[PDB]
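Dropping the structure in here first, questions after.
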Amino acid sequence: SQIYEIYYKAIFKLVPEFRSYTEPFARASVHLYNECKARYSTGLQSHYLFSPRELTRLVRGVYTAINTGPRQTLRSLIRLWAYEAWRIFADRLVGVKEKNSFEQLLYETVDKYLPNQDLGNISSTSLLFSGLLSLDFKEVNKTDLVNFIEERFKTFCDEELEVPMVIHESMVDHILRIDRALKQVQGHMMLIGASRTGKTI
Amino acid sequence: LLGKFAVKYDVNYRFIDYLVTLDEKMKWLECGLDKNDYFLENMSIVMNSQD
Amino acid sequence: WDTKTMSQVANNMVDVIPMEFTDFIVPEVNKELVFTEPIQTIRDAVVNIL
Amino acid sequence: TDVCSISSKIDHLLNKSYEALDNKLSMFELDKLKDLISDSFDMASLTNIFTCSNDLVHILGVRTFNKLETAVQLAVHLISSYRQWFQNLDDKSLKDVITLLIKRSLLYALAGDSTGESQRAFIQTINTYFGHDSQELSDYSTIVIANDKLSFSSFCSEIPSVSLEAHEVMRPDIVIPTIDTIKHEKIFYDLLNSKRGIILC
Ligand SMILES: N#Cc1c(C2(c3ccc(Cl)cc3)CC2)nn2c(O)c(Oc3cccc(Br)c3)cnc12
């Protein structure tokens with residue numbers, strides 16, 4: 001909590017009015033981590049390991065999100081922070097009950113530490129922060145992403161080969177995750193899942 | 001499941017008789033396919049697949 | 001793939017194909033209520049069956 | 001069985017390090033130092049301590065007979081590092097410093113593989129089997145050359161305050177100056193300077 005209080009103060013030098021909130025963010029960060037580490041143990045799946053490095057990826061991601069973003073409000077800061085928390089902690093989870101319990105954990109943590117008035121659904125598919133359509137990284141609207149991906153993917157198939165694929169909401173979510181991976185400085189991705197489900201394309 | 005929904009069907013449907021015309025049906029046996037219906041269905045599946 | 005994703009993909013593929021009107025497809029809706037897709041037409045009936 | 005006594009192995013190690021250090025040091029300093037270590041270091045209470053080691057939860061489980069090298073080399077290196085200061089001291093202050101260093105080296109030779117609480121509990125034993133006149137050992141205690149040569153201060157928590165710029169959040173070489181890290185970096189570099197191999201489990 002002390003180390004990360006320093007980190008939050010450093011990164012909130014970009015948004016100085018919100019410096020006071022650096023303590024609850026750090027406390028929220030470690031609290032979430034501890035309960036995550038507690039409730040999703042290695043006994044469910046052998047890849048459920050959680051080090052303090054999960055929090056350091058977090059603050060660097062939050063930094064990047066702020067660095068390349070627009071003017072924030074506190075509602076935006078919380079949304080962004082939720083997005084980061086999702087893409088760190090919950091992408092490894094299998095089981096819809098685990099993701100649902102992760103949602104419940106997130107709501108509890110924020111209620112405990114950041115009690116603000118305009119948070120809406122925090123579902124993984126309800127907070128599509130993007131940097132594709134707009135020059136700066138911000139939460140964009142699902143319809144416009146859909147239409148953009150449709151036209152671009154059509155263009156890609158016309159320019160390259162003939163594969164018939166129909167856009168669906170999971171596909172656009174995973175597109176955004178891969179984009180988040182590939183734009184990092186040293187982002188290596190691993191895509192676990194079934195066959196016949198679009199990974200390689 | 002079909003009768004569970006509004007999808008009615010031919011009650012007397014037979015896949016072989018539905019899909020395979022008699023000429024192809026004979027043509028295979030001239031080529032030497034065994035006259036066992038399980039084989040007839042299999043041969044229909046393999047020749048009828050496109051791509 | 002989840003049920004919703006399968007339903008969306010199936011509906012998209014099914015939509016292009018022409019579908020002749022069939023009088024009996026409506027009264028069935030009332031009955032079962034398995035709740036596996038919004039009640040509609042043949043298109044959803046086919047999707048649920050698949 | 002083991003071929004030698006624990007005591008004789010200690011004596012051998014002492015003489016072994018003396019082989020290196022004695023030629024560089026001037027005889028007048030040398031003799032006073034080497035008996036000043038031999039007699040104090042050879043007391044019975046240390047043996048009492050060894051018998052009190054075997055019930056502590058060591059990681060990796062190296063037997064006490066195979067740990068004397070670390071104790072002796074680190075002790076002799078440490079003592080020999082202050083030779084330029086020691087020359088002016090009274091006997092009382094010199095004995096005090098010698099004791100405190102030997103206690104600290106014994107501590108980390110025997111309990112550095114223990115999980116913290118064990119070490120603070122073990123400090124009590126070390127402070128108990130040595131004589132109460134001899135300088136008390138505390139986990140936070142560090143010795144700093146204050147003002148002129150020989151005014152050593154046994155202080156703790158001299159933490160510098162880091163003024164991170166925002167972008168330095170993603171300097172991978174960065175770290176926060178914390179007491180734990182300070183003492184680990186300290187002891188690490190001391191062990192390195194003794195030319196012994198290390199395993200950071
Ligand atoms: N056409 C196609 C295609 C498909 C299907 C498809 C899926 C979604 C949509 Cl919208 C349309 C079609 C046809 C069922 N899946 N699929 C992949 O999974 C691909 O990547 C691989 C490849 C090998 C192993 C692995 Br594991 C991943 C690459 N292409 C495809």
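Values quoted throughout were computed directly from the atomic coordinates according to the rules given, and no laboratory measurement underlies them. Using ideal geometry, Cβ is built from the backbone for each residue, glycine included, and neighbour counts are taken over all protein chains shown.
May I ask you to order D:109-121, D:3-15, B:3-15 by the average number of other C-beta atoms within 10 Å around their residues, highest value first?
Numbers: D:109-121: 15.5, D:3-15: 13.6, B:3-15: 11.2.
Descending mean neighbour count gives D:109-121, D:3-15, B:3-15.
List the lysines whose Cα lies under 17 Å from the Cα of B:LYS25, skipping any in the same chain that are fewer than 8 positions away.
By straight Cα distance, B:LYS25 reaches B:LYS35.
Using only alpha carbon pairs under 8 Å that are at least six residues apart, calculate the relative contact order of chain D and give it in whole percent.
Values: 134 pairs, mean separation 37.8, N = 201.
Once normalised by length, the contact order is 19 percent.
Ok, one more. Could you tell me the center-to-center distance, by alpha carbons, between the stretch A:167-201 and the stretch D:22-77 in angstrom?
Here the answer is 58 Å between Cα centres.
Additional query: So between A:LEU191 and A:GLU17, what do we pick up on full extension, going 0.36 nm a residue minus the alpha carbon distance?
Values: separation 174, 0.36 × 174 = 62.64 nm, distance 3.94 nm.
That works out to 58.7 nm of additional length.
Step by step: find N for chain D, compute 2.2 N^0.38 Å, then divide the Cα radius of gyration by it. What's the final number?
On the way: Rg = 18.3 Å, N = 201, 2.2 N^0.38 = 16.5 Å.
Expressed relative to 2.2 N^0.38 Å, the Cα Rg reads 1.11.
What is the helix-to-structure angle for A:22-39, meaning the angle in degrees between its Cα long axis and the longest Cα principal axis of chain A, kept from 0 to 90 and rounded to the nearest 10?
With rounding to tens, the tilt is 70 degrees.
If you take all C-alpha pairs in the stretch A:31-127, what percent of them are over 19 Å apart?
Working: 1986 of 4656 pairs.
In whole percent, the share of Cα-Cα pairs in the stretch A:31-127 beyond 19 Å is 43.
Report, in degrees rounded to the nearest 10, the 0 to 90 angle that the Cα long axis of helix A:96-113 makes with the longest principal axis of chain A.
40
Then there's this: Using just the Cα positions, wrap chain A in a convex hull and report its mean projected area in square nanometres, one decimal place.
On the way: hull surface 49.3 nm².
Hull-based average projected area comes out at 12.3 nm².
Give me the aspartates and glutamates in straight-line cross-link reach of D:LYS149: C-alpha distance below 18 Å, same-chain residues under 8 apart excluded.
Those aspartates and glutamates meeting the cut-off are D:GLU29, D:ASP90, D:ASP91, D:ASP96.
Would you please put A:65-77, A:82-94 in order of how densely packed they are, using the mean number of other Cβ atoms within 10 angstrom per residue and starting with the highest? Show your work: numbers first, answer last.
Numbers: A:65-77: 15.5, A:82-94: 18.7.
Most protected by this proxy first, the peptides run A:82-94, A:65-77.
Which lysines have a Cα less than 26 Å from the Cα of A:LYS154, not counting those fewer than 8 places away in the same chain?
A:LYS138, A:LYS142, A:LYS183, A:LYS199, C:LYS4
What's the average, rounded to a whole number, of partner chain beta-carbon atoms within 10 Å of each residue's beta-carbon in A:6-13? All intermediate terms of the calculation are to be shown ahead of the outcome.
Numbers: counts 8, 5, 1, 2, 9, 7, 1, 4.
Averaged over the peptide's residues, the number is 5.
Can you give the convex hull volume of the alpha carbon atoms of the stretch A:132-191 per residue, in Å³?
Cα convex hull per residue, to the nearest whole number: 118 Å³.
Scan around D:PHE152 for amide H atoms under 5 Å from its own, H built in the peptide plane at 1.01 Å from N, and keep only partners 5 or more places away or cross-chain.
Close amide H contacts, sequence-distant or interchain: D:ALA146.
Over the C-alpha atoms of the protein assembly as shown, what are the Rg and the largest Cα-to-Cα span, Dmax, in Å?
36.7, 118
Structure shown: which of D:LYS16/D:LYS183; D:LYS32/D:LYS95; D:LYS67/D:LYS195; B:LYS8/C:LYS31; D:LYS9/D:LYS92; D:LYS16/D:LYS195 lie over 18 Å apart, alpha-carbon to alpha-carbon? Numbers along the way, then the final one.
Values: D:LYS16/D:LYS183 28 Å; D:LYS32/D:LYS95 11 Å; D:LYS67/D:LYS195 15 Å; B:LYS8/C:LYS31 16 Å; D:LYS9/D:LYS92 29 Å; D:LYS16/D:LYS195 14 Å.
Table pairs above 18 Å Cα-Cα are D:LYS16/D:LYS183; D:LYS9/D:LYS92.
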